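Protein chains in written order, with PDB author numbering: chain J, 1 to 38; chain 2, 94 to 237; chain A, 9 to 748; chain F, 31 to 183; chain 4, 99 to 178, 215 to 250; chain C, 2 to 81.
Here is the structure we will look at, set down as C-alpha cells.
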Amino acid sequence: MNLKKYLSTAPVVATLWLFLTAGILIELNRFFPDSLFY
Amino acid sequence: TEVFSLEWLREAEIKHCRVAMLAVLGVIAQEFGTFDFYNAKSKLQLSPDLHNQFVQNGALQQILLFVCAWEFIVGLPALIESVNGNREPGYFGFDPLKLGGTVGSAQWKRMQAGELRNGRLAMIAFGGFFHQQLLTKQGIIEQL
Amino acid sequence: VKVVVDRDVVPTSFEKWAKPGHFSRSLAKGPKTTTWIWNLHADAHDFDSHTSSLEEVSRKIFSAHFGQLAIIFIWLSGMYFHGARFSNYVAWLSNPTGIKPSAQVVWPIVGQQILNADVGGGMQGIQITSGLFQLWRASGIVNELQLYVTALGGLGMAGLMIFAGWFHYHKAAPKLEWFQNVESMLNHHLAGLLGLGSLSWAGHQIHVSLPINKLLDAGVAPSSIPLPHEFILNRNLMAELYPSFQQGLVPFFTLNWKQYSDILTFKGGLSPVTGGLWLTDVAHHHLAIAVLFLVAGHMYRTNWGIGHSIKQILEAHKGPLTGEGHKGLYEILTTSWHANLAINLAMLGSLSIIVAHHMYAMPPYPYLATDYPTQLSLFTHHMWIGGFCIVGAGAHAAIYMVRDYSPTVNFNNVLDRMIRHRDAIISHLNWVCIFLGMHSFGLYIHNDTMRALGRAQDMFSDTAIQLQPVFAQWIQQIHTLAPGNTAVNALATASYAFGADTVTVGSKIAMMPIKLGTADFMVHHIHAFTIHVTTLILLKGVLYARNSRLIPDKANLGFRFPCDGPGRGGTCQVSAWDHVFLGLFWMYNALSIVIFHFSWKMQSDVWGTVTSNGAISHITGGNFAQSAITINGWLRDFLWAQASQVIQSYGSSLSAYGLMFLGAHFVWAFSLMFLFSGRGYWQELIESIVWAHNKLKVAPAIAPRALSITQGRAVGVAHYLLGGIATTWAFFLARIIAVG
Amino acid sequence: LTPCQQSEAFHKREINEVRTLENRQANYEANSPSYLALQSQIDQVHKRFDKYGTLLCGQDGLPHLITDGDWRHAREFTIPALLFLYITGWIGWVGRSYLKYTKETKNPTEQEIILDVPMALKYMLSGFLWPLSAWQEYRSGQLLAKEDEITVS
Amino acid sequence: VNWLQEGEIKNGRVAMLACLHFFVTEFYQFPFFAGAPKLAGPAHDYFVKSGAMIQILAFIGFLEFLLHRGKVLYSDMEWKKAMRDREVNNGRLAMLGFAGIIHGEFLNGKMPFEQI
Amino acid sequence: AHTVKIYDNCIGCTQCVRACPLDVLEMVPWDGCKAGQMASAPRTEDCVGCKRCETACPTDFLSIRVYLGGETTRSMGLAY
Ligand SMILES: CC1=C(C/C=C(\C)CCC[C@H](C)CCC[C@H](C)CCCC(C)C)C(=O)c2ccccc2C1=O
Ligand code: SF4
Ligand code: SF4
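This is the structure in C-alpha cells:
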C-alpha cells in the first residue's frame, strides 16, 4: 500500500522513466541504423 | 520481535518449506530410479558441470521464473487481509481445524502442532541435502 | 555495564516512506516552496536537528553506521567479482610485467570500444590503478574460483549487516545506558577490533605466504601451485618450505622463540625479488601489533572494578598553564556524538595522509613500486581523503561550541582557556601564516624575478646550495647508519629512500635515495604555508564558533547560516560552517600542492630506467633541479609537457582521460557561477520566468525560488572540488600511463 | 566541395583510420575469441562510411551538410532529425501542461505535483494529436489568466 | 481507474474485431484456391510496384475516420450497468487472448516450449 | 547614521524590538492599528542597520524600513 506511495515519489518515478528513455536509446544504437529515405 | 518483520520471516519460512519439500520430493523422485546402481556413475549426466550451460533448459527456466513471479504476486496480497484469497481456505481449514481443536480441548494451537517444526526441518535438511551432494568433489576425510 | 535493551521502539512500516519528510514536521506540512526540496536533503543527515532525545539520536546514527557499512560491503564484494568475470588477474599472475592491469570492459554501442586498452593476457579493457592485483597477489589468490567464493561470501556478510541495522532498531534497541560504556567500548575496539584484527590477519599471512613467497617468487607456473589446504593438511610441506614448522607450537610454550625465525624476522628494506616489502616482515609485524593491542585493549573499567577510566584519567591531568585542566573532557566526549567525530575525523584524516606517505616510502605490496600508476594514484587518493576528513574534523569541532557546550554542565578549563584567550591563538597562527607566506611564495616571486631579470638567477646558485642539502640531510645519514649501530637486528634501512647509493632495480626502479635539493625546502614550505592557513581558518571556526566579538549573540543564529545583514559596515559570511567552506578551499590548495610535489618529484629524480652501459636514466631526467625554484618551471616543464600524454591519446585507448580533463574545467568554472553571484539577482531572475509561467499557468504549485544562500555555497564548493580534482585525477592518470 | 564518393580526399581518411586501427589489430592473435570481435567492430566501421558518402561531405574529409532547407538535404535538418524533436519534446511538454491543468482541485497542490497517483502518468499517452487542440487549450490558458501576473514594482 | 476503463474497453473491441478480421482471411488462405498457401510461404511477397502507396492511403483514410469518431465523442455532451460490469471483464479477457494467438505463430512451429 | 522610517503597514506585533539587537525601535501607543502598537526609533544615532527586523516584519512589503545612510562608530559596531 504505502510502498506504492513511495513508488509514486518524484525521484523514483524520474529514475524509472529515465531508465526507460536511456535503455531505448542504448538498444537503438545497437540494432538497425537509421535508414533515412529521401 | 516486531510485528511486520517477523511476519515476513515466518512467511518466508512457510513460503519455502513447501518449496524445500516438493524439491526434495522432486529431486528424489527424479533420482529414485538412479540413486544407487553403481552410485549412478557419480550422478552420471545429472552432474551440473557436465550440462551444456542449460542450452535447452534456459529458455524454459525463463518461462518458469515468469509464471512463478505472478504466483508470488498472488501470495503477497492474498496474505494481506483475511478476506477473499485466504478466507475461503480459511473456513475450509476451519473444517479440519474444528475437529482438530475438538481433539485438542480448548483450541490446540495448530502452529505448535507442526507449523514451525516442518518449516525449519525442511530448510535445515534441504540446506544439508544441497551441500553433501552438490558442494564436495574431493572428500579428503571420510564423511560419516 | 548492563544488558539494558528497549526491545521494539519504532515499528516496521512503509508509512514514513509515503510521507516525503517524515523525519521533521517542519519539512512535511509545507512543501510549497522549491527551497523545501533542497532543505529536505540538506537536513537529511543533520540528525541533531530533529529530536533531542539522545536515546533516539544514538538509535539513529548507529543505524547509519550499519547502513554505510552495508554500502561499503556491497562495494567490496564487487571488486573480487570484477577481477574474475572480465579481467586479466590470472594471466597477470603468470606474467606480471608485460600484462598491464585491467578489470573493466566496455561494450559496442556508440563506438566507445576504443577504451579497451590493450593490456595483454588475452583480455582487453580499462587499466586499473586501485592496487587490487597487488593486494590479491599478496593474499595468495591465484585461481578465479577463489575470487567467486570470496564474493559470494561477501554477499552473506553484506546481508547480515542490513538485517542488523534493521535489527537493533525496528526489532531490538539498546537503551541509552549502553552508550556511556565508553570504558567498555575502548576495551573492545582496541582488543576485539584492533587486537583480534591484527592477530587474525597475522595468522593468515603465515600460512598463505609460501604460495606467494616460496613459490611464486621461485618460478613455478600457476597451475603447478599447490592448494592452500594441502599445506595445512600436511604439516611437513610447510616444514620443508620453512624448516621451523616441524615443531608445531612446542617451543612457543618453551619460550624458545628463536626456533620460529623462518617466518618471523626483522629484515627491513625491500625484497629484491617481489618488488615491495618482505613477505615475512609483515607477518611478524602484525604479530607484534596484535600482542601490543591485546595489552592496550585492557585499560578501562568494565564490570570487575580494575583498570583506569576516561573519567579519572582526565580528572587527574592538570598543568600550570591549564588550570582546571583535562577535567570534564570525559563529559565532553561521552555526551556529544558530535564530539567524538571531530577527534576521529582529525586523527583518521591525518592517518590517511600518513599511511599514504608510508605507501610510496616503503611499498608493502609485491609488484607495487614498479606499478607507477597504482602507486601515484593510491597516495593522492588517501591524501585527499584525509584532507576532507580533517576539514570535517574542523566542521564538527565548530559544531560543538554551538550545539553542545554549556557554561554550567561540561567543563574543561583547558577548552575554556582556548576560548578565553581565543584571540591569542589565531593571532599567533596569523603571524606564522604571513611569515611562511611572504617568504615561501615570496621566494617564488623572487626567483621568478631573478630569471626574467637576467644574471640574478646565476648568482642565486650559491643560495640554491643553501637550505637544500643543509637540513634533513643528516636525518637520512642517521638512517643510513641506523642498521647495525642503532638497529643490530636490522640488515636494511627503514626504506631505500634512506640508504644512500643503494638502488634496488627489478628491470624498473623501485625506490631511490631521494636526494633532496634545489627546491624541496621551497615546496615543503609552500606546504607548511597551506597547512598553517588551513589549521588557522578551521581552528578559528572551532573556537570563535561560540563567543564572537562582532556579534555577541552568535549562538542564536546557528551553524549553517548566511549572515546578519548590511549593518556594522557589513556582516557577511561569518558562520563557522563558512570557515569550513573556505577551510575546504585551503585544504584543497594544500593537498593540491602536495600531490603536485609528490607526483612530479618522483619521476624527476626517483622514477626511471636502468641500463648496463650506464646507470640510471629517469623518465624525465632530473628536471626539477632548476625548474622547481621558479613558478614558471611549474607550468613551463610541468603543466605544459603534460598535454603530450593526455591529449595525444585519442589515437589510442586513453581518450577518456582527456575528455574528463577538459570536462572537469567545465564543472569547476560552473562553480564560478555560484561562488560569485548572489541570490538577490537570481531571485529577480525567477520571477520573470514565473511570469512566463503565469502567462500559460504552467507555473508549478511548488513556487519557484532560488537556491538557499548557504546551499549555493555548498554546491559551489562541491563543484570547485569535483571540478578541482577530476582535472588532476585525469592528469595523474594521463602521463603515468604513457610513461609507465 | 565535392561528394565523398568522388572526393578522393575522403576515402584516404577511411584508409588512414583503418591503418591506425590495424597496428592495434595485428598485435593480438586473430584466432582468440576475446579479440574476434574486433573484426565485427571494423565491420561497423565499414558499414558506417557508405551511408555518409551519399550526403554531400567536405572535400577535406570532414563531412559537412545543409540546413538552408534544400530539399536534397532535408534529411540532415528539416524533416527527420528536427521535426521529431519538436513533436517528441512537445508530446512531453503538452502532456505536462495537461497535468498542470489537473494540478489544482481539492487534494493538496504539492501532493498533486510530487506524490501523484501513477494513473495520471499512465494517461500521458493521451496526446497523439497535440497541435491544434493544444493551441485551443493554450488560448484558454492565456484567456482564463485574464492578465493576472506579478507586480514588478 | 476511469482512464484504464476507457482504454481497456476500446482495445477489447479492437480485439473482438481482430479475431474476426483474421477468421475470414485464414479460412480463405487455407483451403480451395487460396491466394496464400502455407503460413511460411507468402510471408512477405511484394505485389505490383507502388504497394506502399495503397498502404499509406489506407492508413490516412483510417486515421481520418478515427479523427472524426473522436471529435464527435468530444461533442454531444454525453452523460455529464450490469452489462457494463460484464463488459469490463471480457475486455481484459480479450487483450490477453489476442497476444497469445499471435504468440503461437511466433513459435515458428508452435512446438519449442515442450522441449523438442 | 542610518535613517529609520516606519511604514504605515504596522500591525504592532513587536517583531522589531524582539529581533532588534541593540533596541533601535520602540513600541508606542497608537490609535490606528488592530493591536494598538506602533514601532518608533528614537535612538537612531545608535542604529547599526543590521536589517534583522525586515525578516521578522510580517507585512507583504515590510513595515519597518531603515535606509542606508552614513557610517559612524555607533553604526559600525566596532569595539575599538
Ligand atoms: C543559478 C543560480 C541559482 C539558481 C539555481 C537553481 C535554480 C538550481 C537548479 C537545479 C535544478 C536541479 C535544475 C532543475 C531541474 C528540475 C529538478 C527538473 C528535473 C526533472 C528530471 C530531469 C529529473 C541560485 O539560486 C544562486 C544563488 C546564489 C548565487 C548564485 C546562484 C545561481 O547562480
Ligand atoms: S515589524 Fe512592522 S508590523 Fe511587526 S511589530 Fe514592528 S512595526 Fe509592527
Ligand atoms: S536597522 Fe538593524 S539594528 Fe536597527 S532596528 Fe532594524 S534590524 Fe535592529
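Backbone N, C-alpha and C define an ideal beta-carbon position, used for all residues, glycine too.
Please state the DSSP three-state secondary structure of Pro477 (chain A).
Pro477 (chain A): coil per DSSP, three-state reduction.
So is the beta-carbon of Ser206 (chain A) under 8 Å away from any non-hydrogen atom of ligand 1?
Every heavy atom of ligand 1 is 8 Å or more from the Cβ of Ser206 (chain A), so no.
Would you mind listing the alpha helix (DSSP H) stretches within the stretch 459–544 of chain A that are 4+ residues and don't spill past its ends, in chain order?
Qualifying alpha helix (DSSP H) stretches, in chain order: 464–467, 469–473 and 481–488.
Give the interface partners of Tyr6 (chain J) over in chain A, defined as CB-CB distance under 7 Å, in chain order.
Within chain A, the residues near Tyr6 (chain J) are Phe22, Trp25 and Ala26.
Nearer than 8 Å: is that true of the beta carbon of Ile143 (chain F) relative to any heavy atom of ligand 1?
Checking the Cβ of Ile143 (chain F) against ligand 1 gives no.
With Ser625 (chain A) as the anchor, note down where its beta strand (DSSP E) starts and where it stops.
First-last of the beta strand (DSSP E) with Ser625 (chain A): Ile624 to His626.
For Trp83 (chain A) versus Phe141 (chain A), is the C-beta distance shorter than 9 Å?
Taking 9 Å as the Cβ cut-off, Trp83 (chain A) and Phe141 (chain A) do not qualify as a contacting pair.
Give a yes or no on whether the minimum CB-CB distance between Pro138 (chain F) and chain J is below 9 Å.
No - not a single Cβ of chain J is within 9 Å of the one on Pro138 (chain F).
Which residues in the same chain as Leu190 (chain 2) place their Cβ atom closer than 7 Å to its Cβ, once the five residues preceding and following it in sequence are excluded?
Result list for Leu190 (chain 2): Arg203, in chain order.
Quick check: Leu278 (chain A) and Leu285 (chain A), are their CB atoms within less than 9 Å of each other?
Going by C-beta atoms, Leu278 (chain A) is nearer than 9 Å to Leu285 (chain A).
Can you tell me where the alpha helix (DSSP H) holding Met391 (chain A) begins and where it ends?
Where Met391 (chain A) is concerned, the enclosing alpha helix (DSSP H) stretches over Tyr380 to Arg411.
I want to check one thing, is the minimum distance from the CB of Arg220 (chain 4) to the heavy atoms of ligand 1 below 8 Å?
Result no, Cβ not under 8 Å from ligand 1.
Since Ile117 (chain F) is in the alpha helix (DSSP H), which residue starts that stretch and which ends it?
Residues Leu113 to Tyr131.
Within 10 Å of its beta-carbon, does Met151 (chain 4) have 16 or more other beta-carbons around it, so buried, or fewer, so exposed?
Exposed.
Who are the neighbours of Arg557 (chain A) on chain C, taking C-beta pairs under 7 Å?
Those are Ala80, listed as they occur along chain C.
Quick one: complete beta strand (DSSP E) runs, 3+ long, within the stretch 612–693 of chain A?
Those beta strand (DSSP E) runs which fall completely within the stretch 612–693 of chain A and span 3+ residues are 616–618 and 624–626.
Going by other Cβ atoms of all chains shown within 10 Å of its Cβ, with 16 needed for buried, is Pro381 (chain A) buried or exposed?
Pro381 (chain A) should be labelled buried.
Around the C-beta of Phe165 (chain 2), are 16 or more other C-beta atoms found within 10 angstroms, so that it is buried, or is it exposed?
By the neighbour-count rule (16 or more Cβ atoms within 10 Å), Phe165 (chain 2) is not buried but exposed.
Roughly how many whole angstroms lie between the Cα atoms of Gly129 (chain A) and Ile122 (chain A)?
Going by the C-alpha atoms only, they are around 18 Å apart.
Does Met154 (chain F) come out as helix, strand or coil in the three-state DSSP assignment?
Three-state DSSP puts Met154 (chain F) in a helix.
Indicate the three-state DSSP secondary structure (helix, strand or coil) for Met370 (chain A) in the structure shown.
Here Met370 (chain A) sits in coil by DSSP.
Taking 8 Å as the line, does the beta carbon of residue 750 (chain A) fall inside it for any heavy atom of ligand 3?
This structure cannot settle anything about residue 750 (chain A), because the visible part of chain A is limited to 9 through 748.
Under 7 Å Cβ-Cβ, which residues of chain A neighbour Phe219 (chain 2)?
Simply none; closest approach about 18 Å.
With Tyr6 (chain J) and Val13 (chain J) assumed to form a contact (beta carbons below 8 Å), what rounded beta-carbon distance in angstroms separates them?
About 11 Å separates the two Cβ atoms, so there is no contact after all.
With distances taken from each beta carbon to the nearest heavy atom of ligand 1, which residues come in below 5 Å, in chain order?
Taking each Cβ in turn, the ones that pass are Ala14 (chain J), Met681 (chain A), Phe682 (chain A), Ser685 (chain A), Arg687 (chain A), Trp690 (chain A), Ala714 (chain A), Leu715 (chain A) and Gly720 (chain A).
Is there contact here, the stretch 112–122 of chain F with the stretch 60–73 of chain F, by at least three beta-carbon pairs under 8 Å?
With a cut-off of 8 Å, the stretch 60–73 of chain F and the stretch 112–122 of chain F do not count as touching, because too few Cβ pairs lie within range.
Under 9 Å, do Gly514 (chain A) and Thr378 (chain A) count as touching if we go by C-beta distance?
In this structure, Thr378 (chain A) lies closer than 9 Å to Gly514 (chain A) by Cβ.
Got a sec: is the Cβ-Cβ distance from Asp379 (chain A) to anything in chain 2 below 9 Å?
Chain 2 contact via Cβ: absent.
State the beta-bridge partners of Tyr68 (chain C) as determined by DSSP.
According to DSSP, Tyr68 (chain C) bridges with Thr4 (chain C).
Could you tell me whether any Cβ in chain 4 is nearer than 9 Å to the Cβ of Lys152 (chain F)?
Interface residue, yes.
For a contact defined as C-beta to C-beta under 8 Å, what are the partners of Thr94 (chain 2) on chain A?
Within 8 Å Cβ-Cβ: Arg15, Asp16, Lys179 and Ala180.
Find the nearest neighbour of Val17 (chain A) within the set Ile107 (chain 2), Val96 (chain 2) and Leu143 (chain 2), judged by alpha-carbon distance.
Nearest option by C-alpha distance: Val96 (chain 2).
What are the boundary residues of the alpha helix (DSSP H) that includes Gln719 (chain A)?
Start and end: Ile717 to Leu730.
Any contact between the stretch 584–599 of chain A and the stretch 548–561 of chain A? By contact I mean 3 or more CB pairs, one from each, below 8 Å.
Yes, the stretch 584–599 of chain A touches the stretch 548–561 of chain A.
Quick check: is the beta carbon of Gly577 (chain A) nearer than 9 Å to any beta carbon in chain C?
Yes, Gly577 (chain A) counts as interfacial toward chain C.
In angstroms with no decimal places, state the Cα-to-Cα distance between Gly186 (chain 2) and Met149 (chain F).
Distance between the alpha carbons of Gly186 (chain 2) and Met149 (chain F): 39 Å.
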